[PDB]
Amino acid sequence: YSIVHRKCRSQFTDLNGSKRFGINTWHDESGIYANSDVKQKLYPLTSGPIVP
Amino acid sequence: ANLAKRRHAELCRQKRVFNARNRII
Amino acid sequence: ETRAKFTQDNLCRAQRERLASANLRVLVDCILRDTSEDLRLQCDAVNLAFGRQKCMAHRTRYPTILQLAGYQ
Amino acid sequence: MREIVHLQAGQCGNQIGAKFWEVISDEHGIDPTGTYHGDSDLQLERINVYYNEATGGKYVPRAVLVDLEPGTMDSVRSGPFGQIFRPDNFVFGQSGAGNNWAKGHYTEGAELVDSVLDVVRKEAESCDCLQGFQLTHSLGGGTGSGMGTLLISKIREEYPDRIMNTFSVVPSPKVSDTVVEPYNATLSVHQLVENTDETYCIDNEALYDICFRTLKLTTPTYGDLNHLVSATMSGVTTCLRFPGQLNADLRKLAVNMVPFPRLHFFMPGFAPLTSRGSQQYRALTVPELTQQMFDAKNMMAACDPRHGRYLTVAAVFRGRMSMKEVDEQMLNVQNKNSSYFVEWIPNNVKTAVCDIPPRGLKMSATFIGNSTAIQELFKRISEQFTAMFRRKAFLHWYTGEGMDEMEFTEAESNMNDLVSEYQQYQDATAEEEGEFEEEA
Amino acid sequence: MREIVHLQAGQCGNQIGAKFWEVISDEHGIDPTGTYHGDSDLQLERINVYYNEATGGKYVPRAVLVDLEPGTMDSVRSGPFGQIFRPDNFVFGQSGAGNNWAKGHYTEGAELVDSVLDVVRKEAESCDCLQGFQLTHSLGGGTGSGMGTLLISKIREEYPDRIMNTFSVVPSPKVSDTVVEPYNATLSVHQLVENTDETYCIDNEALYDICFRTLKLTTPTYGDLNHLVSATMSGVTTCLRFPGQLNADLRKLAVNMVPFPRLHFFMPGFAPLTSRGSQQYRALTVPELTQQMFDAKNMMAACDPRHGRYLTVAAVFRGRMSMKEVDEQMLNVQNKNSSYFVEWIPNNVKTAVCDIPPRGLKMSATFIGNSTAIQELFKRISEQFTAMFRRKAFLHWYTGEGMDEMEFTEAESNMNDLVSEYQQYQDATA
Amino acid sequence: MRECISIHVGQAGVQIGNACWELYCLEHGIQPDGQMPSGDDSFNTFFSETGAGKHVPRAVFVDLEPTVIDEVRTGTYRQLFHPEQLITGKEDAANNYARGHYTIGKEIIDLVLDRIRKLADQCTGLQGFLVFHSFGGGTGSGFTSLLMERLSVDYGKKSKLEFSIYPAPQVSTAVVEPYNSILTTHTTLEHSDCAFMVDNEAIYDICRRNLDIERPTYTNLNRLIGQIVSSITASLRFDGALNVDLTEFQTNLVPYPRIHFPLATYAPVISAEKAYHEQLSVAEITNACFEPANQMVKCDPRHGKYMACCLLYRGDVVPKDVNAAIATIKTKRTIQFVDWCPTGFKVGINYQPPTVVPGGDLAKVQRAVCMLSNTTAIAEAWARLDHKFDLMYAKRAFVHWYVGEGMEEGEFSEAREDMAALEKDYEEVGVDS
Amino acid sequence: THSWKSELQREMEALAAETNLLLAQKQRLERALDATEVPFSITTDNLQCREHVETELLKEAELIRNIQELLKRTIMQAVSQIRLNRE
Ligand SMILES: Nc1nc2c(ncn2[C@@H]2O[C@H](COP(=O)(O)OP(=O)(O)OP(=O)(O)O)[C@@H](O)[C@H]2O)c(=O)[nH]1
Ligand SMILES: Nc1nc2c(ncn2[C@@H]2O[C@H](COP(=O)(O)OP(=O)(O)O)[C@@H](O)[C@H]2O)c(=O)[nH]1
Ligand SMILES: Nc1nc2c(ncn2[C@@H]2O[C@H](COP(=O)(O)OP(=O)(O)O)[C@@H](O)[C@H]2O)c(=O)[nH]1
Ligand SMILES: [Mg+2]
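Here you go:
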């Protein structure tokens, strides 16, 4: 089982409760998703075709 | 103590209504 | 120059102690607010625990939020 | 020394007044008991404006709370800051209005007003040099409009050379939950147009829109709705209580904003509203404050000012700021928008600056706009009034209480004359002596 | 002092722009959080050009992301440099265009554009002396093309005396994955003709060929293509932010590259591209930069300038270098290629020099070419449009929501007039 | 034995007076307590000695709201000012000429005149009253409009110098500011002796591009205004080669009954970074005054003609350099004079250089100059203000707020007709022979 | 000499104002520690009379003990700061 590629909760589509756990008095709007850690670990972003 | 009971009932309903996952679902 | 440095050092130490006293007062206010809130919430939790004559009659003399904070 | 006597009418007025007193008690540093525990000496220089001295260093508000049902009075009293109001200023009837303007104006609101006016007259006579009266109410109900308008008329009869400010929660087009709401609104606007000095129109749909699309709150409750109104109530009278570089009181704002006595319907807005997750991306300085005031989304009424022309604009800034930027932005907006301002008044925009910011901020601003685009509100209320009135729907509840069908017709005619005069003041040329300057 | 506002249209525009913002954030030394972590003091002299100040010394980009599908916007926010964007600068629709130009221009691209133009005016009025707009989009989709053209038109109507650059992903024959692509390309090219100051053509097969036979990469992903695009996107505007011996901004390049107002389609190329094996053995100097910018395989367009004539050339160099070599190499190539340059314009080359080298390098150069050989790109799309239109295939998807059949006919008429003008200015005597 | 009585009326008057009296105290070496630190009597023009050694200013602060005078009553100079010279009404003026003239201003004028009489009976020799105010404000317009009338009733022909905040052509904080300007300068014409004008927009531009301040404030404006009035009164207070009284430049600047409106400029106005670079001589500081970009009124003198001029030099100046500089000024073709004024200048010289205050934005300099010039080029300002008044008045907007307070309708018409005649007066003066 | 004397006087009055405010806050802490002791006796009487309730009562007792100790420490710190300001 892999959760690296599965879509997670949206920050722009449905700005409504009953999607995230706990008690939150403001919308998320922070830019950190659930699979961000595993996505960064499996797929590193290091420069490009140019430069040593 | 009736006033304090009303205050704590207010706090409890605040918790229930601001738990947005449990209120809608 | 030594007299000027002496006076300026005295002024600097006085200002540093002024800022230290102000920070201590702000910390004192924050601690007092936090302890008063915690004690009142604990008392309300105990009252609801009894809710859901020997002790309920005695627990009616709980000090108010003003006495918990320190104003008389 | 310049006192404002507060009046809260109905359930809506009571809850908005409770939130407003909760706001300015923390502004002036007052505990729920009533005493003073603050850090500055400028908080007791001007405190007689809203508060009244008691013994032992206590302060009680100069407010009169009015209701026709005791449940909202009990709810206000059992609140957090409910122990500061004097127990003799709660005036509640025993039988409700039942969402009926006739019940509020002739049958049940005709006996409570003597008891209300006793307290109102004693609070007005206790002052040193009275500045004015303030009212908070809603035109969709029975107690707020039906008896509030009668209180306004009697107060205007007794004290003619004073200031009468009102905060009216006008009906919403989409959020309307009551059926006789256009009846109550149409029979209240004729009173507010004839015997009121300033009227601020506040709309629940616009409040919900700001609380959802700007503040980004998951649960926009009535506490969040009333905080927005209380911020404007604080900002419009902050120049009385706090020092500044360019002061402007309610009399000065009314003089500069009201060109004719039948044109006193304003739109309000509040400047620094941001979200907790999106406040790190924004530096809130004077251009951002002016931008967010003049943004058409930020209006507290359900009227778009792009459809009309700004008759007059006033804004009160709060905090320590430089006056060059304050004058520069308000000249620049008039230079950019050339077609959105009427051309028979040069320099439509008035500025005021106060020194002490509100709670939790360093700079703030408030905008009050007299616009011609308010006429679409009255046109919508008229077109929803006529649809029910032609079929004589819900008319027995009104006509069985001493009313006649001629009063509805005259209310329609005066609303039509109001929208006609707003239209004629919009579509008017500035380069012409029309017919009265025949003296030459 | 001169601010360029960035516009990102469609999924392709979003990906290209995200890589662009990563590249110039690495250029200006900005962390993914937003603060400045750098070593040189020349990186904060001109930072208001692309970044806008916040509280606490934070810089947010002056970009506007527009899309008709919120999933791509969620992916862009979830990307590595996605937490630096302001939340209000994302504009999202609910239902996508679905590779349809009519959805993007009339049906769904009409209720989103007031919301877009509010944000565009919001960023446009805040600049002290605004320089222009640059837009990144693709002509193969329904969101970047059908709505991007309409935003281009309304921006031209409102702000007349300004500059706009466009990075357009023109579709290609052998990489063409979408059947209905030539309809969108045909209906977009004429709108780009009337209301755009510069158009730069980008072709995916050209990028694939460059990444295959030159850089020698096993897996040439879209990230490695977007890095190649963003290198040119930075090298075009490098002289406006960094000082040099001889400066040239976007307006100065547009004055010299555009001799007639219907002639603003250019091809780009980037000079120092080398592989890992061939990196240590090759010394980078002005002769290698000049030969590799003008080698015909280095183009970012599906084109070959041997078939046509170089109308005008622009070269922007970066790095500490002597001016005589810069003049001398570009004079020598003019001397050697006396048949690949037109005769009615002498001194066909504009040159600019910037002092600051790009990150990780010491010398670099960027080439922009106005040629007549780009006309085969239009002729191929015209013939593939006529082949479909003579059988009337895929026409109900376009005519079922407000579009009549004469718009197509005037579209091939406009392309035919443009290519006839290009042929006239190729086969013209001094 | 020479004295001038300062009358600061309005919020503008009070906030100018704070900076002015701080400057006067620091020049004369008087602490905020009011006592000199241990037979000089140079302070006696502005301060009055008490038997204990205290010094009390010869100023009267008049205002209709308490929120501005209470800052003076509470702050640093709470011991310097007399408790009864700070007069405060109630319920302000609400930007209303009728309120400030007929209803609210009529009440406190008896007390104000009583204080003026008490302050003027102490003066062994009195030169005049200097009135600090603003046209656009309710108090500073309406209350001043009858303060000058009752001053002319009580005192026959004593000097009335006026320091006016003119409305700027673009920026203004009010809407009925043209009404207040018309009704002020209709009734002050025959009752005012001289009126030096400064407006806020020009000082904003000067502070923007000269003192290197990107966000100036009212404190930075009031400091420059205090420097101007101190340069006016320095010839009265200190030594000089040519010393100038107040009657001198009420006589040498007003050639006709309806024109008593000079313009005031100051030079040099530079920062402490540019004072290290620029050499400041008499010719440079006197060309900086004639430069139209350094005007403190937003009007261009190149449109009009200079009617009279008064230059006041302070510091290390010599009459050779003053004469050569004025002769160089007279020969240029850009600077134009009316043909019936072949002798167009007055020159005053003072020995003491200007003083620098802590918290100020200027620099420590050796010489300075203040110019008071009467120009025909304010006819365009009167024409613009007539445009605003007529455009607002064609529909009778904002008129009920004046009529319902005790003002008849015809006074608007007669004031507009009076200034319509004043425009033709300026034209007939400006037409050459 | 007069300038130096004025500066020293201003610093003295600032120090005196801060010391008075800190003394007022120390008195506030003293009355708070004075009043926080009644619930301890109430809890002790409740447990002695009794012998989801016992856990709450034990939590109350632990909270009271922690609050009393921390208030004593804060009072000691306030006295030390007062002494430093006076010196
Ligand atoms: N130059 C300068 N002008 C000022 C200052 N303060 C106020 N003003 C001007 O005064 C005008 C308004 O009048 P105010 O002085 O504020 O108030 P007022 O004259 O007492 O009139 P009321 O407010 O009605 O009592 C504004 O247009 C300002 O331009 C100041 O400190 N410096
Ligand atoms: N803005 C605002 N509106 C309110 C509040 N409470 C009630 N309302 C509105 O007021 C309307 C009913 O008014 P009502 O309470 O009957 O007025 P009353 O008859 O005078 O008591 C409802 O439609 C509510 O939407 C409040 O706290 N704030
Ligand atoms: N160069 C480049 N081309 C891309 C990228 N992403 C997609 N494309 C091309 O764009 C085409 C699809 O365009 P599309 O996303 O549907 O455009 P949209 O509908 O406006 O968003 C594909 O054929 C790809 O070849 C990218 O990141 N870089
Ligand atoms: Mg004022």
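Residue numbers (PDB author numbering), protein chains in the order written: chain F, 177 to 228; chain R, 18 to 42; chain Y, 243 to 294, 416 to 435; chain H, 1 to 440; chain L, 1 to 430; chain A, 1 to 38, 45 to 439; chain W, 98 to 148, 159 to 194.
Cβ atoms here follow ideal geometry from the backbone N, Cα and C, with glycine treated the same way.
Shortest gap from the CB of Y83 of chain A to any heavy atom of ligand 2: 7 Å or more.
Per the coordinates, the alpha-carbon of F265 of chain L lies some 59 Å from the alpha-carbon of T292 of chain A. With at least 16 other beta carbons inside 10 angstroms of its own, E207 of chain A counts as buried. Excluding five sequence positions before and after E325 of chain H, the CB atoms of its chain that fall closer than 7 Å to its own CB belong to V286, given in chain order. Distance from the Cα of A102 of chain L is smallest, within the candidate group L:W397, L:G360, L:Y422, for L:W397. Contact between the segment 159-176 of chain H and the segment 120-133 of chain H is present, with at least three C-beta pairs closer than 8 Å. Counting only Cβ-Cβ distances below 7 Å, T33 of chain H has contacts in chain Y at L429, in chain order. With a cut-off of 7 Å, the C-beta of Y222 of chain L is classified as near ligand 3, since at least one heavy atom of the ligand falls inside that distance.
Cβ atoms of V76 of chain H and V116 of chain H stay farther apart than 8 Å, at about 16 Å.
Residue H:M415 holds the alpha-carbon nearest to the alpha-carbon of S188 of chain H among H:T429, H:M415, H:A428. Of the candidates H:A314, H:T218, H:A440, H:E383, the residue whose Cα lies closest to the Cα of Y200 of chain H is H:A314.
Within chain H, the C-beta atoms nearer than 7 Å to that of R23 of chain R come from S78, in chain order.
At a cut-off of 8 Å between beta carbons, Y281 of chain H contacts chain L. Using a C-beta cut-off of 8 Å, the segment 77-90 of chain L makes contact with the segment 205-223 of chain F, since at least three inter-stretch Cβ pairs fall below that distance.
Placement of the Cβ of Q245 of chain H at a distance of 7 Å or more from every heavy atom of ligand 4 is found. Against chain R, the CB of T218 of chain H has a partner CB under 8 Å away; the residue lies at that interface. With a beta-carbon spacing of about 6 Å, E429 of chain A and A389 of chain A fall inside the 8 Å limit used to define contacts. One Cα belongs to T219 of chain L, the other to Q216 of chain F, and the distance between them is close to 19 Å. Here the C-alpha atom of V275 of chain A lies approximately 20 Å from the C-alpha atom of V353 of chain A. In the structure shown, the three-state DSSP call for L311 of chain L is strand. Taking 8 Å as the cut-off, the Cβ atoms of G235 of chain L and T136 of chain L do not count as close. Distance between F294 of chain H and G143 of chain A, taken at the CA atoms: about 26 Å.
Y161 of chain A and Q133 of chain A have their C-alpha atoms some 12 Å from each other.
Apart from sequence neighbours up to five positions away, the residues of its chain that approach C295 of chain A with a beta-carbon distance below 7 Å are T271, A273, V375, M377, ordered along the chain.
Taking the Cα positions, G148 of chain L is about 6 Å away from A9 of chain L. Closest in alpha carbon position to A393 of chain L, among L:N348, L:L361, L:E181, L:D427, is L:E181. Cβ contact annotation for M363 of chain H (same chain, cutoff 8 Å, sequence separation greater than five): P272, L284, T285, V286, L289, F317, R318, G319, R320, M321, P357, in chain order. The distance from the Cβ of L259 of chain A to that of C316 of chain A is about 6 Å, consistent with a contact at the 8 Å cut-off. Residues of chain L with a Cβ closer than 9 Å to the Cβ of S322 of chain H do not exist, since the nearest Cβ in that chain sits about 18 Å away.
In its chain, beyond the 5 residues on either side, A102, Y106, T107 have a beta carbon closer than 8 Å to the beta carbon of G402 of chain H. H227 of chain L has its alpha-carbon roughly 7 Å from the corresponding atom of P225 of chain F. A residue is called buried once 16 or more other Cβ atoms fall within 10 Å of its Cβ, and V186 of chain W, having fewer, is exposed. In the structure shown, the three-state DSSP call for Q83 of chain H is coil. Interface annotation, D271 of chain Y: not in contact with chain R, CB-CB separation never under 8 Å.
DSSP places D88 of chain L in the helix class (H, G or I) of the three-state scheme.
DSSP places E198 of chain H within a strand segment (E or B) once states are collapsed to three.
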